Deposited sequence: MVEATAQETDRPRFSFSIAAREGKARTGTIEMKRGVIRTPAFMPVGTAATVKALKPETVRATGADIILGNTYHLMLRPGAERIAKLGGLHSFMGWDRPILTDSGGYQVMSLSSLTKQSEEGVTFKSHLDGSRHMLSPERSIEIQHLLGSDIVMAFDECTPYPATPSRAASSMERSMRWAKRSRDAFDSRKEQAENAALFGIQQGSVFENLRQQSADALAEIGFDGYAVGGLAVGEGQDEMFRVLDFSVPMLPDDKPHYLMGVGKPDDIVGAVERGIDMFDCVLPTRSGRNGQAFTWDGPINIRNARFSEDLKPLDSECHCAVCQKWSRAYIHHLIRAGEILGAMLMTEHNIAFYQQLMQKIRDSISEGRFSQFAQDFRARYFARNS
């Protein structure tokens, strides 16, 4: 396969369906990427993650740089070999988590203390790109400065401007490393909060630099679905049409459906909540103690073929690890089934109808 090749096979309105070909495998879009925090998708073996239908997973520069360490993972042979996942891996730049879990900020980057050992680290565009290389990331995310919501026009502009400067530094760092530039891909991140003029400026700067994909950052940070959808309405069209559009940190089923309707191709997002086509349910609720039905009536995942709500209800309330294993496999499988239905409906020119039917039942 090539280093990177995004091809759109079908369209309906702003929605698109296709594939991203990379050296380690093919990614079907729209795609949902399970998230791996500490070099593991919570409670699932990689083979199980693959079994649910995932084509790619997400890794975090922040968590990994702290534990077990980027240099260590490199010495060990890379993240893929380390955790046992041989398909594509997209790694975030770390910036987002540093401002949420660990901080001295400057134009050079960010310095902070680990929320684990209390040690210090100076994350910068250059160091972020290097760490993702050490991990062996397939899709590298530019290092940016997220803008907290709400944000004043002035502050949103300053952060967007810095991010574009950092985007240029990320691009140059990536291209200067021969092995990384020839085998991996680099995605730029659009910022600008909820302001259209800033989003336009960010998109233009990003397209001028040139990236393999474009992510819409700064959303899903407390603005609500209505506002998010409004921002996506004018933001996504600003990005290059022939490259993937990645909405960072968005995962609620209805959010995904609405985002795909607005041009998004990639998603990622991180208990007793189980998704069903009839809306989510909390398995801990007493009404499920003797319910012999599976989590969802049509879901084809292994959990729904073998265990009842009553059993999983018992496991979760008992704090048993198998409870988490089963709930997680079903939920990730549900998400993949959702992406499959989306891809098929777009391919058959009936996505709008699918969106309508989905919402009618999901919120009924």
Which runs of the deposited chain sequence never show up in the coordinates?
-> 1-10, 113-114, 283-289, 384-386
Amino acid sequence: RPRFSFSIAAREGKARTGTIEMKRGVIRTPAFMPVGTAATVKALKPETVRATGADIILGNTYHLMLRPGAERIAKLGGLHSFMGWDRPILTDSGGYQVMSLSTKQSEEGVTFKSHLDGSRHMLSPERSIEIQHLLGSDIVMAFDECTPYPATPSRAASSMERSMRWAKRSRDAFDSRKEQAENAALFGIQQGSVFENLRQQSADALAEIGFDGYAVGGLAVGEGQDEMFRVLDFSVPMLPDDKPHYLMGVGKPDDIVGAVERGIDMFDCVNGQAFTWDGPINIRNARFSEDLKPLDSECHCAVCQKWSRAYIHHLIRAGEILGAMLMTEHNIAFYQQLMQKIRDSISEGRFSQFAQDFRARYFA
From here on, numbers count along this sequence of modelled residues.
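Here the rigid core means the biggest group of C-alpha atoms that line up within 1.5 Å when the two forms are laid on top of each other.
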What stretch shows more C-alpha movement in 6 other deposited structures of this protein relative to this form, 194-202 or 147-155, after the core is superposed?
-> 147-155
Relative to the presented form, and with the rigid core used for superposition, do the C-alpha atoms of 288-296 or of 207-215 deviate more in 6 other deposited structures of this protein?
-> 288-296
Other compared entries missing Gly118, a third or more | yes
Is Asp55 without coordinates in at least a third of the other compared PDB entries of this protein that model the residues flanking it?
-> no
Could you check which stretch, 180-188 or 216-224, carries the larger mean CA temperature factor in the entry?
-> 216-224
According to the deposited model, is the average Cα temperature factor higher in 41-49 or in 294-302?
-> 294-302
Determine which member of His80, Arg230, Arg127, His245 has the highest CA B-factor, using the values in the deposited entry.
-> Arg230
Highest Cα B-factor in the deposition, which of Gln337, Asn60, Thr328, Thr29?
-> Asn60
Of the three thirds of the chain ranked by Cα temperature factor, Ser119 occupies the highest
Assert third(CA B-factor, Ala10) within chain per record equals middle
Tell me, lowest, middle or highest third: where does the Cα B factor of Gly36 rank within its chain?
-> highest
Which third, lowest, middle or highest, does the CA B-factor of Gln132 fall in along this chain?
-> lowest
According to the PDB entry, is the CA B factor of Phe211 in the bottom, middle or top third of its chain, that is, lowest, middle or highest?
-> lowest
